[PDB]
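Participant: Have a look at this one before I ask anything.
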Amino acid sequence: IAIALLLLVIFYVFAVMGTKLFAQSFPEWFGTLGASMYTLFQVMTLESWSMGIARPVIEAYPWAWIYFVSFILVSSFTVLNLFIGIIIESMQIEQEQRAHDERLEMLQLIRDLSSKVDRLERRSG
Amino acid sequence: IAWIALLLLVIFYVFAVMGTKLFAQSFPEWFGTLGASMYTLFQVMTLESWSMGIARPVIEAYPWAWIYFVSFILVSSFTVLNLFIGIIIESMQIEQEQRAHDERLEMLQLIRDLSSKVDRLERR
Amino acid sequence: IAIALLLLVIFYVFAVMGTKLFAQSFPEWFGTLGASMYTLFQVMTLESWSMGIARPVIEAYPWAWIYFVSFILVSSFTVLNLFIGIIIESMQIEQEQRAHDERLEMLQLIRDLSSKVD
Amino acid sequence: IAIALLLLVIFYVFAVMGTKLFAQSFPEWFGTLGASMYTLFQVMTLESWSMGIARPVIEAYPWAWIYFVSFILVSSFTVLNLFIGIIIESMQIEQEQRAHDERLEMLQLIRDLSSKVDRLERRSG
Ligand SMILES: [Ca+2]
């Protein structure tokens with residue numbers, strides 16, 4: 001699962017970028033982290049990300065063409081890997097070492113017996 | 001998995017009663033009653049115009065809600081993450097594992113029996 | 001996989017319902033199967049299903065409150081089961097049965113030793 | 001995983017179609033690959049694909065009824081198969097022969113004991 005960190009870096013970073021870039025023009029979505037976070041959560045969610053944010057951004061900032069497309073990909077490519085990361089961390093460790101406690105003592109037991117039958121081998125001398 | 005089914009129907013239930021408490025004054029449309037707060041939260045659950053269409057417009061008068069929506073979404077998707085995957089595991093489908101701790105944990109018993117049988121014939 | 005049928009029944013049926021119901025008021029989305037199919041594909045997709053279709057429907061038809069919510073659920077619950085239906089239809093020794101030839105004879109050996117007895 | 005190619009063909013192709021078709025009427029979304037790529041990414045994303053693009057296209061091009069519905073299906077059916085393609089690939093040692101070092105010597109030990117008891121039960125009557 002924890003990516004969870006990475007994701008909260010990506011999420012963190014992209015916001016600070018956006019708030020740097022756009023906040024001048026788009027204080028609505030990008031004036032502060034306060035809304036850049038939301039906005040990128042909203043973009044993460046795919047609720048009116050282009051038609052509602054990106055295209056309208058890009059109407060004055062063509063460079064953002066990538067900022068939105070990128071973040072979406074990057075985001076979904078880590079949530080691809082975290083959603084599947086809990087598919088594997090749910091599908092199974094321990095069954096190994098409890099029968100090396102048995103066997104590596106059962107052996108010890110037979111050495112004990114062998115020197116107890118052999119203690120009555122010393123036993124006649 | 002369907003232990004969650006309950007939980008989810010609590011989350012779903014609860015969040016609605018909150019919203020209907022909060023917003024219904026301002027947003028009777030989406031929040032006037034459970035009747036529509038249930039829908040609305042289903043709709044927010046669905047991610048069809050949740051922010052642009054509900055939340056941001058809520059938040060225009062209630063900055064409080066900033067979390068109410070973001071939260072519910074997360075909470076919801078994190079239980080449906082776990083229920084959808086809960087049906088991935090409840091669908092997917094051995095014994096010889098505990099059958100060699102029945103061997104070893106009796107083979108041991110056998111060597112103790114021998115050790116007190118070799119030891120039983122030591123006194124003699 | 002083939003549910004594929006069922007789904008195409010659900011999908012089929014719900015359209016014929018909607019086109020019966022709404023087409024009067026909402027010929028836009030429901031005037032014919034032609035657009036009721038699309039519309040229900042669009043509702044299946046969760047692109048402006050409520051805000052864009054359902055709520056606006058329901059503004060004159062409160063009965064639809066279920067028609068949309070229902071279809072969505074029903075749909076996702078069959079696509080839940082078909083997408084997972086391809087997760088299972090897609091997921092396609094002696095080292096374990098040997099250590100019960102060593103052990104179930106090593107035992108025999110210790111019984112043989114133990115019947116070392118006067 | 002790599003479909004990744006196929007997908008980038010589908011994605012590529014459909015854009016060139018759309019840009020052929022619509023870029024007369026809808027230079028907005030279809031004037032160049034530049035925006036037909038985005039647009040098809042946006043349609044891939046299911047953010048206002050019909051209500052925002054397709055229906056509005058189709059208001060003048062009933063042809064497109066399929067172009068959108070098709071691409072969506074085709075897209076999601078390859079991403080169905082690539083997302084599940086990573087459920088099987090990045091999802092799905094030695095202790096095996098380490099307990100035949102134990103067992104195939106523990107046996108040796110019991111033969112050693114058996115000829116050691118053979119030693120002294122013989123050697124004590
Ligand atoms: Ca949507």
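Here, A, B, ... name the chains of the structure tokens in the order displayed, residue numbers run from 1 inside each chain, and ligands are numbered from 1 in the same displayed order.
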Would you list the contacts of residue 33 in chain A as number ranges by chain, taking every protein, DNA or RNA residue within 8 Å and counting only C-alpha atoms, but skipping same-chain residues closer than 5 positions in sequence?

Facilitator: A: 15-16, 19

Participant: Given the selection you just returned, output its residues as a file containing C-alpha atoms, formatted as a PDB file, in the first residue's frame.

Facilitator:
ATOM      1  CA  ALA A  15      -0.659  21.479  -6.866  1.00  0.00           C
ATOM      2  CA  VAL A  16       2.315  23.740  -6.129  1.00  0.00           C
ATOM      3  CA  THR A  19      -0.770  27.287  -8.042  1.00  0.00           C
TER       4      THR A  19
END

Participant: Show me, as a list in words, the residues that have an atom within 10 Å of residue 35 in chain B when counting only C-alpha atoms, minus same-chain residues fewer than 5 positions from it.

Facilitator: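 The residues that qualify are residues 16, 20, 30 and 40 of chain B; 65 of chain C.
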
Participant: Would you tabulate, counting only C-alpha atoms, all residues of chain D that have an atom at most 10 Å from an atom of chain C, showing the closest pair of atoms and their distance in Å to one decimal, sorted by chain then ascending number, as a Markdown table?

Facilitator:
| residue | atom | partner | partner_atom | distance |
| --- | --- | --- | --- | --- |
| D:45 | CA | C:47 | CA | 9.9 |
| D:46 | CA | C:47 | CA | 6.2 |
| D:47 | CA | C:47 | CA | 6.3 |
| D:48 | CA | C:47 | CA | 5.7 |
| D:49 | CA | C:47 | CA | 7.1 |
| D:50 | CA | C:42 | CA | 7.0 |
| D:51 | CA | C:48 | CA | 7.2 |
| D:52 | CA | C:47 | CA | 9.2 |
| D:55 | CA | C:38 | CA | 9.7 |
| D:65 | CA | C:38 | CA | 8.3 |
| D:66 | CA | C:38 | CA | 9.8 |
| D:69 | CA | C:38 | CA | 8.1 |
| D:72 | CA | C:45 | CA | 9.5 |
| D:77 | CA | C:83 | CA | 9.9 |
| D:80 | CA | C:83 | CA | 7.5 |
| D:81 | CA | C:86 | CA | 8.9 |
| D:84 | CA | C:87 | CA | 6.9 |
| D:85 | CA | C:90 | CA | 9.3 |
| D:87 | CA | C:87 | CA | 8.5 |
| D:88 | CA | C:91 | CA | 7.3 |
| D:92 | CA | C:91 | CA | 9.6 |
| D:96 | CA | C:95 | CA | 7.5 |
| D:97 | CA | C:95 | CA | 8.9 |
| D:99 | CA | C:99 | CA | 9.0 |
| D:100 | CA | C:99 | CA | 8.3 |
| D:103 | CA | C:102 | CA | 7.3 |
| D:104 | CA | C:102 | CA | 7.9 |
| D:106 | CA | C:106 | CA | 8.7 |
| D:107 | CA | C:106 | CA | 6.3 |
| D:108 | CA | C:106 | CA | 9.8 |
| D:110 | CA | C:110 | CA | 7.3 |
| D:111 | CA | C:109 | CA | 8.2 |
| D:113 | CA | C:113 | CA | 8.3 |
| D:114 | CA | C:113 | CA | 5.9 |
| D:115 | CA | C:113 | CA | 9.4 |
| D:117 | CA | C:116 | CA | 7.8 |
| D:118 | CA | C:116 | CA | 8.2 |
| D:121 | CA | C:116 | CA | 8.0 |
| D:125 | CA | C:118 | CA | 10.0 |

Participant: Using only C-alpha atoms, I'd like every residue of chain B that has an atom within 7 Å of chain C; please write them out as JSON, numbers by chain.

Facilitator: {"B": [48, 49, 88, 107, 114]}

Participant: Would you mind listing, as a list in words, all residues of chain B that have at least one atom within 9 Å of chain A, where only C-alpha atoms are what counts?

Facilitator: residues 47, 48, 49, 50, 51, 52, 66, 70, 81, 82, 85, 88, 89, 97, 100, 101, 104, 105, 107, 108, 111, 112, 114, 115, 118, 119 and 122 of chain B

Participant: Could you dump the residues just selected with N, CA, C and O atoms as a short mmCIF file (atom, residue, chain, number, x, y, z; two decimals), in the first residue's frame?

Facilitator:
data_model
loop_
_atom_site.label_atom_id
_atom_site.label_comp_id
_atom_site.auth_asym_id
_atom_site.auth_seq_id
_atom_site.Cartn_x
_atom_site.Cartn_y
_atom_site.Cartn_z
N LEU B 47 -19.61 10.11 -8.92
CA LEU B 47 -18.71 11.09 -9.56
C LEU B 47 -19.27 11.62 -10.87
O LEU B 47 -18.58 11.70 -11.91
N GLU B 48 -20.54 11.96 -10.82
CA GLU B 48 -21.17 12.62 -11.92
C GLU B 48 -21.40 13.98 -11.34
O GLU B 48 -22.19 14.14 -10.40
N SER B 49 -20.65 14.95 -11.86
CA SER B 49 -20.79 16.35 -11.50
C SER B 49 -20.95 16.54 -10.01
O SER B 49 -21.85 17.24 -9.53
N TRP B 50 -20.07 15.89 -9.26
CA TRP B 50 -20.10 16.01 -7.82
C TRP B 50 -19.61 17.38 -7.34
O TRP B 50 -20.25 17.98 -6.47
N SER B 51 -18.47 17.84 -7.86
CA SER B 51 -17.91 19.12 -7.43
C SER B 51 -18.55 20.24 -8.18
O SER B 51 -19.35 20.99 -7.64
N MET B 52 -18.22 20.32 -9.46
CA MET B 52 -18.71 21.37 -10.33
C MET B 52 -20.21 21.52 -10.16
O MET B 52 -20.73 22.63 -10.28
N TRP B 66 -16.25 21.59 2.00
CA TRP B 66 -14.98 21.23 1.42
C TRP B 66 -14.49 19.82 1.75
O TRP B 66 -13.97 19.11 0.91
N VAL B 70 -15.27 15.81 -0.21
CA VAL B 70 -13.97 15.17 -0.40
C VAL B 70 -13.86 13.92 0.48
O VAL B 70 -13.49 12.84 0.02
N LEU B 81 -13.59 0.22 -3.03
CA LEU B 81 -12.29 -0.37 -3.31
C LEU B 81 -12.26 -1.74 -2.65
O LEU B 81 -11.95 -2.74 -3.28
N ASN B 82 -12.61 -1.75 -1.36
CA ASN B 82 -12.54 -2.96 -0.54
C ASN B 82 -13.69 -3.96 -0.73
O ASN B 82 -13.57 -5.11 -0.31
N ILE B 85 -12.96 -5.47 -4.51
CA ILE B 85 -11.87 -6.42 -4.30
C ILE B 85 -12.32 -7.53 -3.35
O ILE B 85 -11.79 -8.64 -3.40
N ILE B 88 -13.56 -9.95 -5.59
CA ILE B 88 -12.44 -10.57 -6.32
C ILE B 88 -11.85 -11.76 -5.56
O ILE B 88 -11.37 -12.72 -6.17
N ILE B 89 -11.87 -11.69 -4.23
CA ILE B 89 -11.32 -12.76 -3.40
C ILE B 89 -12.39 -13.78 -3.06
O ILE B 89 -12.13 -14.99 -3.05
N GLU B 97 -0.95 -29.06 3.66
CA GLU B 97 -0.16 -28.18 4.53
C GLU B 97 -0.13 -28.61 6.00
O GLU B 97 0.95 -28.71 6.58
N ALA B 100 1.36 -32.58 7.05
CA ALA B 100 2.78 -32.83 7.43
C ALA B 100 3.22 -32.13 8.74
O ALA B 100 4.41 -32.08 9.07
N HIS B 101 2.25 -31.57 9.45
CA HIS B 101 2.42 -31.21 10.86
C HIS B 101 1.62 -32.21 11.68
O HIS B 101 1.63 -32.16 12.90
N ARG B 104 4.83 -34.86 11.38
CA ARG B 104 6.00 -34.49 12.19
C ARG B 104 5.66 -34.42 13.65
O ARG B 104 6.42 -34.90 14.47
N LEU B 105 4.52 -33.81 13.97
CA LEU B 105 4.10 -33.67 15.37
C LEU B 105 3.56 -34.97 15.97
O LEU B 105 3.14 -34.97 17.13
N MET B 107 5.42 -38.02 14.57
CA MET B 107 6.73 -38.66 14.45
C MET B 107 7.61 -38.28 15.63
O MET B 107 8.38 -39.11 16.13
N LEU B 108 7.52 -37.03 16.05
CA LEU B 108 8.14 -36.60 17.29
C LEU B 108 7.61 -37.43 18.43
O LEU B 108 8.39 -38.01 19.19
N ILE B 111 9.20 -40.76 18.64
CA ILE B 111 10.58 -40.78 19.13
C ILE B 111 10.67 -40.52 20.62
O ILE B 111 11.65 -40.88 21.25
N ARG B 112 9.66 -39.89 21.20
CA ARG B 112 9.60 -39.75 22.66
C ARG B 112 9.19 -41.07 23.28
O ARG B 112 9.67 -41.43 24.36
N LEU B 114 9.81 -43.93 21.92
CA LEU B 114 11.01 -44.76 21.79
C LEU B 114 12.05 -44.40 22.84
O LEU B 114 12.71 -45.28 23.39
N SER B 115 12.18 -43.11 23.11
CA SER B 115 13.18 -42.63 24.05
C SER B 115 12.86 -43.05 25.48
O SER B 115 13.77 -43.24 26.28
N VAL B 118 13.42 -47.04 25.24
CA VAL B 118 14.85 -47.36 25.42
C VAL B 118 15.33 -46.99 26.81
O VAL B 118 16.27 -47.57 27.37
N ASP B 119 14.70 -45.95 27.32
CA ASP B 119 14.94 -45.45 28.64
C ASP B 119 14.15 -46.35 29.65
O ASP B 119 14.65 -46.63 30.75
N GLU B 122 16.22 -49.26 30.50
CA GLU B 122 17.54 -48.92 31.04
C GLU B 122 17.60 -49.37 32.50
O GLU B 122 18.57 -50.02 32.92
#

Participant: So, counting only C-alpha atoms, which residue among A:74, A:1, A:60, A:43 is closest to chain D?

Facilitator: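 Going through A:74, A:1, A:60, A:43 one by one, the smallest distance to chain D is for A:43.
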
Participant: For chain A, which residue among D:73, D:57, D:10, D:44 is the nearest when counting only C-alpha atoms?

Facilitator: D:44

Participant: Based on DSSP run over this structure's backbone, return all residues of range 19-58 of chain A in helix (DSSP H, G or I), as JSON, numbers by chain.

Facilitator: {"A": [19, 20, 21, 27, 28, 29, 30, 33, 34, 35, 36, 37, 38, 39, 40, 41, 42, 43, 44, 45, 50, 51, 52, 53, 54, 55, 56, 57, 58]}

Participant: Point out the residue among C:43, C:1, C:78, C:63 with the least atom-to-atom distance to ligand 1, counting only C-alpha atoms and all ligand atoms.

Facilitator: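 Looking at the shortest contact to ligand 1, the residue is C:43.
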
Participant: Using only C-alpha atoms, find the one residue out of D:5, D:21, D:58, D:40 that sits nearest to chain A.

Facilitator: D:40

Participant: What does the distance between CA of residue 26 in chain C and CA of residue 5 in chain C come to in Å, to one decimal place?

Facilitator: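 Separating CA of residue 26 in chain C from CA of residue 5 in chain C is a distance of 28.1 Å.
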
Participant: Rounded to one decimal place, report the CA of residue 61 in chain B-CA of residue 54 in chain C distance in Å.

Facilitator: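 Between CA of residue 61 in chain B and CA of residue 54 in chain C the gap works out to 25.4 Å.
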